[PDB]
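Here's the letter readout for the chains.
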Amino acid sequence: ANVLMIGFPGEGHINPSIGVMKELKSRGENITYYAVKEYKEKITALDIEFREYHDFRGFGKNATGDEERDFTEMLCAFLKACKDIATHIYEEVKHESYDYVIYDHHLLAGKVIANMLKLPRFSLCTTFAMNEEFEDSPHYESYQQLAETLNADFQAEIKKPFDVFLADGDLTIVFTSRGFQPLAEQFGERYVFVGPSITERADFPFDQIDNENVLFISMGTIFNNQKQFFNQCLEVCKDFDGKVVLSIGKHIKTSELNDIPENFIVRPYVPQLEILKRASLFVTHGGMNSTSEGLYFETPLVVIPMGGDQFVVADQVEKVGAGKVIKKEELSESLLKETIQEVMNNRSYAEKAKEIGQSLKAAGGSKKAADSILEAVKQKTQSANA
Amino acid sequence: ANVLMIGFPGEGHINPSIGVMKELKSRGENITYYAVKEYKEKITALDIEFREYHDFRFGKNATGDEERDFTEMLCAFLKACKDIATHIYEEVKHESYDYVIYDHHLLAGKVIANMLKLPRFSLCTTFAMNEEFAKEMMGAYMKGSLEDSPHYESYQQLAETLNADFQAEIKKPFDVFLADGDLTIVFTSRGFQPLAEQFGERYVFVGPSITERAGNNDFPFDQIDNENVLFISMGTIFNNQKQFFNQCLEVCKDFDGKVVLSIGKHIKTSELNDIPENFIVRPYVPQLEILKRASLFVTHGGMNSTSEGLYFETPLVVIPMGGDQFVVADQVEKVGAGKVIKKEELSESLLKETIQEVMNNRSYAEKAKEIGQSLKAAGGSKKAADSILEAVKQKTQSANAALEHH
Ligand SMILES: O=c1ccn([C@@H]2O[C@H](COP(=O)(O)OP(=O)(O)O)[C@@H](O)[C@H]2O)c(=O)[nH]1
Ligand SMILES: O=c1ccn([C@@H]2O[C@H](COP(=O)(O)OP(=O)(O)O)[C@@H](O)[C@H]2O)c(=O)[nH]1
């Protein structure tokens, strides 16, 4: 069948989609993937057609997490971006032949396009599953009028501001297991909890970490403007008996940091899945992808949440006993060292990380995702005839 | 397409806009240009429609010794932002515009844009300013705490009103004087810009905007055309400088060539000391035509004057008086294109010695040519129109496509 995929502008959204697109292609699907130019190479590597839409970020990069955020302003930028992307894509696809639509769950545009084409549609949810459980500013005026335009014309059914990034499809594919999800039992059969979507991705000196203990540190791809934290890591981990792989993001130069201790390997970006296979501990911001990848590879965590859903993922890691949280406000050299030591020392963390990892692996990954979608498309094509 | 342009009340804001408007008109844009009456004739000579707003200026006949308060300036601009947007919306509300262009330092241009819900582009006639840059400029004009500022509560009340009633979207004091559009056209090169790497692609660095201006032949060019020419100007604001003009008359009376001295529109040449026989003294000159012909420029370090002199590869002596002149003076000294005199060290002897050091000097001449090439290389008025027109294309195509879907 002919599939229209619309992604979200972030590496945490694109990465899990790759395994699903790979699986669908192998099972006969012919895929057109819309995304921002930044992530083009990740899609062209599957030999899938890439098409561009305008990158409405600019924020989504070089964040401290200390920034002034107007929820309602952010919502306006999102809703304006939705209208623009839906208008752009529909104009290109309106006379093309697609059997169904896949889209990133946080890009309302994808649901709008599926409504415009009147096709079956499937959302890919890279956060926890979210329902209602989980706005009177200088930008509030536009918000309400954007939402009205989208509701009237683009069948967006935006009731609450929370609806704006919770665009459920016919199924919502969730890249966790019911074993990790907060309030898992509130989510019905249309939430397919497949756990992590893990496959080979698009240099790293692996010979330097072969037969070394590995401690991995990364604040992900957005909240990585963390010079003070990276300098604290250097003092905390210099006596680690092994190698410390530190990902510092694509903005801070290594030379802007204090002198790098001889046991560190510092890079802007690392093959994170390959590092985690070798890692005995992961110091993470609690991004859902980084957290779920770490637990998938049975790595205990120290979570330093910066923003968005990281606070709810940090809370969940601590609740199930697979790691320990340090709030950014409580970060010191001493507490960071004591916390790293505790999570490596206390075998409880590694055992719980293994248990969650088994649950995440048992959920079936990109294969279960692609199988559920195809089965749902077979069933609509069948119940149609009936 | 139909363009609404909203200018800032100062010659340094109007002048670079001239080249952009000419480029857009010559690609068949129809432009309406709001400004103060003072600049009418610069705008009407483009054969675009000039329209008035009230001159709320403070911004003329200054010495640079006047103490100014940041919070006070905020409140001046917020009050005038409210008056200008009210007046302009009343006049344009029945008209059909495709997009807005406005001076980066006029919040009213952004207010009018989101009030017509149109795409918008800001023209930045200073260096590009991010929060860090904006805080050092604001810092110069703050004595104590925000709380204890006479105008603080007044700033908060104006800002509430402008958000509630003028969809002004002010979040930090900087929103009032740094009103980024969909793009921000900056009239400098990344080469001359401090912290250039910190500005993303929505900042379009076009260098200077240089074209023939209205009143361009008013001057006796025949008298300077084949002579060594020394040009002196303290710009259009910080030109209340009788004592400095007197020092120039003395210091340059032996100059082997012509001295063109612009004294501004407030001090009568009759109030100065005797004018030497090699001087042409005028309240205002066609400054681009003078710099074409100048061997040296003694400037206050205004962004436009400095960037216009460097464009024509003129080495500089810079005597910064206020505002962004200290940071443009530091940039001139950093690129080796001129020498700075601090106003506190200004003497007849130090003025003579500095002019003598820069005149004919290979080092300043080579460094002035090198930065002038950085400035000319950024693409000017033409690159400014290309970038704006591209953005209007996509926003128009998007709007009209959405209409067709409806
Ligand atoms: O050096 C790096 C840093 C990050 N990532 C990947 O980037 C994604 C980050 O997503 P996450 O949800 O953890 O956080 P975000 O960057 O969205 O905050 C994950 O798939 C990581 O494996 C990686 O491959 N290499
Ligand atoms: O006799 C004069 C004096 C000034 N200007 C123009 O006025 C502007 C002054 O701007 P600047 O940013 O240099 O200084 P300000 O006057 O804003 O301090 C520049 O475009 C000059 O070319 C001019 O044409 N003739």
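In the PDB header, X-ray crystallography is given as the technique by which the entry was determined, and 1.9000 Å as its resolution.

Under the PDB entry, chain B has the name Glycosyl transferase family 1 and belongs to Bacillus subtilis. The title assigned to this entry in its PDB record is "Crystal structure of YojK from B.subtilis in complex with UDP". What UniProt records for chain B under Sequence similarities (unreviewed entry) is the sentence "Belongs to the UDP-glycosyltransferase family."

In the nomenclature of the PDB entry, chain A is known as Glycosyl transferase family 1 of Bacillus subtilis. Its UniProt record, at the heading Sequence similarities (unreviewed entry), says of chain A: "Belongs to the UDP-glycosyltransferase family."

Colleague: Can you lay out helix 12 (residues 362-377) of chain B for me, pointing to particular residues and giving the numbers?
Modeller: Residue and element names in this part refer to chain B. Over its 16 residues, helix 12 extends 22 Å from the first C-alpha to the last, a length consistent with the 22 Å expected when each residue adds 1.5 Å. By the burial criterion, the buried members of helix 12 are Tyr364, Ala368, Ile371, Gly372 and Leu375. For helix 12, the arc enclosing every buried residue in end-on projection is 110°, short of the 170-degree limit, so these residues lie on one face. Relative to its buried face, helix 12 has exposed residues pointing more than 90 degrees away, namely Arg362 and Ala377. A side-chain oxygen of the first residue of helix 12 lies 3.0 Å from the backbone nitrogen of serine 363; this N-cap is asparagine 361. Among the residues trailing helix 12, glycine 379 stands out with phi positive, at a value near 105°.

Colleague: Describe the domain arrangement of chain A, listing the residues and the values that go with them.
Modeller: Residues and elements named next belong to chain A. Annotation of chain A at the domain level lists domain 1 (2-199 + 363-385) and domain 2 (206-362). On the side of domain 2, 30 residues touch domain 1, which itself brings 29 residues to the contact. Approximately 2400 Å² of surface area, both sides summed, lies buried where domain 1 meets domain 2, with 59% of it carried by carbon and sulfur atoms. For the domain 1 face of the interface with domain 2, the top three residues by lost area are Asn62, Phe180 and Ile198, together amounting to 27%. The tally of links from domain 1 across to domain 2 stands at zero salt bridges. Examining the composition of the side of domain 1 that touches domain 2, we find that three residues originate from one element, helix 1 (residues 11-26), more than from any other. Residues that form the side of domain 1 that touches domain 2 fall into these classes: eleven nonpolar, 14 polar and four charged.

Colleague: Talk me through the domain arrangement of chain B; I want residue IDs and the actual numbers.
Modeller: All names here are of chain B. Splitting chain B by domain gives domain 1 (2-212 + 378-405) and domain 2 (221-377). Just the C-alpha atoms count here: the centres of domain 1 and domain 2 sit 28 Å apart. Residue-level contacts link 32 residues of domain 1 with 33 residues of domain 2. Counting the surface lost from both domain 1 and domain 2, the interface buries some 2600 Å², and carbon and sulfur atoms represent 59% of this. When the buried surface of domain 1 facing domain 2 is broken down by residue, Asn61, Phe192 and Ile210 rank first, second and third, together holding 25% of it. Between the two partners, domain 1 and domain 2, sit zero salt bridges. In this assembly, domain 1 and domain 2 are joined by 16 residue pairs in polar contact. Broken down by secondary-structure element, the contributors of at least two residues to the side of domain 1 that touches domain 2 are helix 1 (11-25) and helix 5 (131-139). No other element matches helix 1, which puts three residues into the side of domain 1 that touches domain 2.

Colleague: Help me get a handle on the interface of chain A and chain B, residues and values and all.
Modeller: Opposite the 14 residues of chain A that make contact, chain B presents 13 residues. Summing the contributions of chain A and of chain B, the shared interface buries around 1200 Å²; its carbon and sulfur component is 54%. At the boundary of chain A with chain B, the tally comes to two salt bridges. Across the chain A-chain B interface, the total number found is five residue pairs in polar contact. Examining the composition of the side of chain A that touches chain B, we find that five residues originate from one element, helix 3 (residues 71-93) of chain A, more than from any other. Taken together, the residues of the side of chain A that touches chain B break down into three nonpolar, four polar and seven charged.

Colleague: Pulling in residues and values, what's your account of the pattern of salt bridges?
Modeller: The tally for this structure, following the rule as stated, stands at 43 salt bridges over all chains. For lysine 171 of chain B, the salt bridge goes to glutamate 73 of chain A, with nearest N and O atoms at 3.7 Å. Here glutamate 73 of chain A lies in helix 3 and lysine 171 of chain B lies in the loop between helix 6 (152-166) and strand 6 (183-186), a pairing that spans two chains. Look at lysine 171 of chain B and you get partly exposed, because its relative accessible area is 42%. Look at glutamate 73 of chain A and you get partly exposed, because its relative accessible area is 27%. Each member of the salt-bridge network shares a partner with another, and the members are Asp225, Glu289, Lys292 and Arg293 of chain B.

Colleague: Could you give an account of the site of ligand 1, naming the residues involved and the relevant values?
Modeller: All names here are of chain A. Near ligand 1 lie 18 residues; those nearest to it are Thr221, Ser247, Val270, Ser290 and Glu293. Contact between ligand 1 and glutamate 11: an oxygen atom at 3.4 Å from a side-chain N or O atom of the residue. Here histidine 285 contributes a side-chain N or O atom positioned 2.9 Å from an oxygen atom of ligand 1. Alone, ligand 1 offers 540 Å² of accessible surface; in the complex the protein occludes 95% of this. Grouping the amino acids of the shell around ligand 1 by side-chain chemistry returns four nonpolar, eleven polar and three charged. When we break the shell around ligand 1 down by domain, the ones giving at least three residues each are domain 1 (2-199 + 363-385) and domain 2 (206-362).

Here is what the cut-offs are and how they apply
Residues numbered from 1 in each chain as written, not as in the entry; some residues may be left out. Chains lettered and ligands numbered in written order. Heavy atoms only, no water. Residues with missing side-chain atoms left out of burial classes, pairs and counts. UniProt positions renumbered as here; feature names shortened; annotations may be inferred. Helix = DSSP H or I, 4+ residues; strand = E, 2+ residues; numbered from the N terminus. Expected span 1.5 Å × (residues − 1). Buried < 20%, exposed > 50% of the residue type's maximum accessible area, 1.4 Å probe, protein only. Arc of directions from axis to C-beta. Polar contact = N/O pair within 3.5 Å; in protein donor to acceptor, adjacent residues only side chain to side chain. Domains from an automatic or database assignment. Contact = heavy atoms within 4.5 Å. Buried area = accessible area lost by both parts, 1.4 Å probe. Salt bridge = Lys/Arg side-chain N within 4 Å of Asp/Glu carboxyl O. Nonpolar A, V, L, I, M, F, W, Y, C, P; charged D, E, K, R; others polar. Near = heavy atom within 4 Å. Areas by Shrake-Rupley, 256 points an atom, 1.4 Å probe, with all protein chains shown as cover.

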